[PDB]
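A.B. asks: Mind looking over this structure? Questions follow.
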Amino acid sequence: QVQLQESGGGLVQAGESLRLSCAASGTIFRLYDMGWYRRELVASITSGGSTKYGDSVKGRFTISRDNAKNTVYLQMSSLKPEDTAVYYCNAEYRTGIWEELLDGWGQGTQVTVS
Amino acid sequence: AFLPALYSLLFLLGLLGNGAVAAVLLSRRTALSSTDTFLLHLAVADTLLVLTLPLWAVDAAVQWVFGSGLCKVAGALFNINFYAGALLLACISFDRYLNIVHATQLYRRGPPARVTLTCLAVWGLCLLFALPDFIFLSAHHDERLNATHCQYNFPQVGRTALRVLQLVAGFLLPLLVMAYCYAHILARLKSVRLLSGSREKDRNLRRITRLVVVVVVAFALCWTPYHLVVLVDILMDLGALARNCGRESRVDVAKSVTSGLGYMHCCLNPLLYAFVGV
Ligand SMILES: CC[C@H]1CN(c2nc(N)c(C(N)=O)nc2Cl)CCN1C1CCN(Cc2ccc(Cl)cc2)CC1
Ligand SMILES: CC(C)CCC[C@@H](C)[C@H]1CC[C@H]2[C@@H]3CC=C4C[C@@H](O)CC[C@]4(C)[C@H]3CC[C@]12C
């Protein structure tokens, strides 16, 4: 009962920067966690603004969140051909005040460099 | 006519439901949760009020004939059902507050039978508060052409004091305790990710809180009009406002209908435990 809209993927030249935006809609009481995964996490942000990055990321990527629109953004700079992969948006949500916390993955997007 | 019929219907339904739930809970009595045993005790505090219906049925049929002792017992049971309900619900809401906010429960990981002694204490307080109804009730003939009807008999000097103390205690200690506990529970529960750390010890906690909150909302919605009526009465007796000697019929019929609603709460509880929670 959650629709995830993903945008930003597409053709791009090497040595450039890209911006991936993931938005969530539906009957949601609250959103708690968000992040991006390739089966491993690349960047995660909580509701409190804390940011976590994987061991393969040297702080290059920037993760931002907007709770007004409930939309997460990930900016990647100095892209490399090795970054060509599939990224899946993730989100943890509670649909009701008395309901179990459960997460729903996204469709996914393909990123190719050079 | 219709009143004995509906009293008999209420007696049958309430006895069946409450006996069923008591037997179901007691079949596994070797080990019970705090919420489970509080519900068991507020059901055994209700089977008695269910048992006392046929007396009122035959009273509404022809006339009270049982005597003074049965009248005392019936009045005390009606006045003790509310005290037991209010104190048990206040205790269960405080237990929910302890589990949710502080997360430092000790009923099950502490002393083996803290809950049992708390329930015994609330029973003792209920009996002590019901003593004034034990000591001032009698089946006075009233010399009203064969109209031996149960009614209070006070020296009229302490009636207002007794009524105001009853109202203050039984509808201001539990009310304030429950309001504070549920305000804190809701504030802590609207702005948290996981209670403790899990997804299996967090869902059932919310389910239990849902069950307890619907139970207390039903109890409040059933037992509030009677205490509002008695508050109107005690304010009338203090010469506050609206004393005109024309609303006596209204307050009497209000007391009757609110007593009926309080009698219905007994049969409302088991179906509530039935359809929600399965
Ligand atoms: C705060 C609102 C109310 C209902 N409630 C909610 N909890 C929620 N979680 C939500 C939600 N929409 O999420 N809404 C609500 Cl109303 C918790 C309990 N509470 C009190 C609890 C107190 N009692 C009054 C009372 C109690 C006992 C007696 Cl003897 C007499 C009078 C009145 C009701
Ligand atoms: C007000 C007068 C007339 C009524 C007499 C009070 C009676 C009904 C009260 C006082 C002591 C109470 C008991 C105290 C403790 C327990 C143990 C519990 O595991 C089952 C209920 C049970 C057995 C209670 C049932 C109700 C009880 C028997």
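Just so you know, all these numbers are worked out from the coordinates, no wet-lab data involved. No Cβ is skipped: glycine too gets one built from the backbone with ideal geometry, and neighbour counts run over all protein chains shown.
A.B. asks: Looking at B:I208, B:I234, which one is touching a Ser or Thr at 6+ places or on another chain (Cβ under 7 Å), in a helix (DSSP H, G or I) and more than 14 Å from chain A (Cβ to nearest Cβ)?
C.D. replies: B:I234
A.B. asks: While we're on this one: For the range A:25-45, enumerate the residues that are over 22 Å from A:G108 (Cβ atoms) and within 14 Å of chain B (Cβ to nearest Cβ). Quick ask: steps written out before the conclusion?
C.D. replies: If we filter the range A:25-45 for residues that are over 22 Å from A:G108 (Cβ atoms), which is where we start, we get A:27, A:29-30.
Selection gives A:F29, A:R30.
A.B. asks: Being hydroxyl-bearing (S, T, Y), away from chain B (no Cβ under 14 Å) and surrounded by 15 or more Cβ atoms within 10 Å (Cβ to Cβ) is true for just one of A:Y73, A:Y93. Which residue is that?
C.D. replies: Testing whether each residue is hydroxyl-bearing (S, T, Y), away from chain B (no Cβ under 14 Å) and surrounded by 15 or more Cβ atoms within 10 Å (Cβ to Cβ) leaves just A:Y73.
A.B. asks: Something else now. For the range B:199-214, does any single residue satisfy the condition of being farther than 18 Å from B:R96 by Cα and more than 16 Å from ligand 2 (Cβ to nearest atom)?
C.D. replies: yes
A.B. asks: Take B:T148 and decide whether it is part of a helix (DSSP H, G or I), away from ligand 1 (no atom under 14 Å from the Cβ) and farther than 18 Å from B:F78 by Cα.
C.D. replies: no
A.B. asks: With respect to A:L31, determine if the residue is surrounded by 16 or more Cβ atoms within 10 Å (Cβ to Cβ) and more than 13 Å from the chain's Cα centre (by Cα).
C.D. replies: It is true that A:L31 is surrounded by 16 or more Cβ atoms within 10 Å (Cβ to Cβ) and more than 13 Å from the chain's Cα centre (by Cα).
A.B. asks: Shifting gears a bit: Need the failing condition index for B:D202 against (1) under 19 Å from the mean Cα position of the chain (by Cα); (2) within 20 Å of A:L31 (Cα to Cα), just the number.
C.D. replies: That leaves (1) as the condition not met.
A.B. asks: Here's another thing I want to ask about it. Consider B:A61 against the criteria (1) surrounded by fewer than 21 Cβ atoms within 10 Å (Cβ to Cβ); (2) within 16 Å of ligand 1 (Cβ to nearest atom); (3) small (G, A, S): it satisfies all of them except one. Which criterion is unmet?
C.D. replies: Against the list (1) surrounded by fewer than 21 Cβ atoms within 10 Å (Cβ to Cβ); (2) within 16 Å of ligand 1 (Cβ to nearest atom); (3) small (G, A, S), B:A61 comes up short only on (2).
A.B. asks: Let me ask you something else. How many of the residues making up the range B:176-201 are outside any helix (DSSP H, G or I) and away from ligand 1 (no atom under 11 Å from the Cβ)? Break it down stepwise before answering.
C.D. replies: As a first pass, look at the range B:176-201 and keep what is outside any helix (DSSP H, G or I): B:190-201.
This time we only want the ones that are away from ligand 1 (no atom under 11 Å from the Cβ), so: B:191-201.
Of the residues in that region, 11 qualify.
A.B. asks: Six or more apart or on different chains, Cβ atoms under 9 Å: show the pairs whose first residue is in the range B:116-136 and within 17 Å of B:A86 (Cβ to Cβ) and more than 14 Å from chain A (Cβ to nearest Cβ) and whose second is near ligand 2 (Cβ under 10 Å from one of its atoms) and of a type in the set (K, R).
C.D. replies: If the second residue must be near ligand 2 (Cβ under 10 Å from one of its atoms) and of a type in the set (K, R), the pairs left are B:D133/B:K72.
A.B. asks: Could you tell me which numbered condition B:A242 fails, if it satisfies all but one of (1) over 26 Å from the mean Cα position of the chain (by Cα); (2) away from every other protein chain (no Cβ under 14 Å); (3) in a helix (DSSP H, G or I)?
C.D. replies: (3)
A.B. asks: Restricting attention to helices (runs of 4 or more DSSP H) lying wholly within the range B:1-106, give those where 2 or more residues are closer than 24 Å to B:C119 by Cβ and within 14 Å of ligand 2 (Cβ to nearest atom).
C.D. replies: Counting at least 2 such residues, we get B:2-26, B:34-51, B:68-97.
A.B. asks: Do we find a residue being closer than 30 Å to A:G48 by Cβ, loosely packed, with under 11 Cβ neighbours inside 10 Å and within 14 Å of chain A (Cβ to nearest Cβ) anywhere in the range B:175-195?
C.D. replies: Yes, some residue in the range B:175-195 is closer than 30 Å to A:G48 by Cβ, loosely packed, with under 11 Cβ neighbours inside 10 Å and within 14 Å of chain A (Cβ to nearest Cβ).
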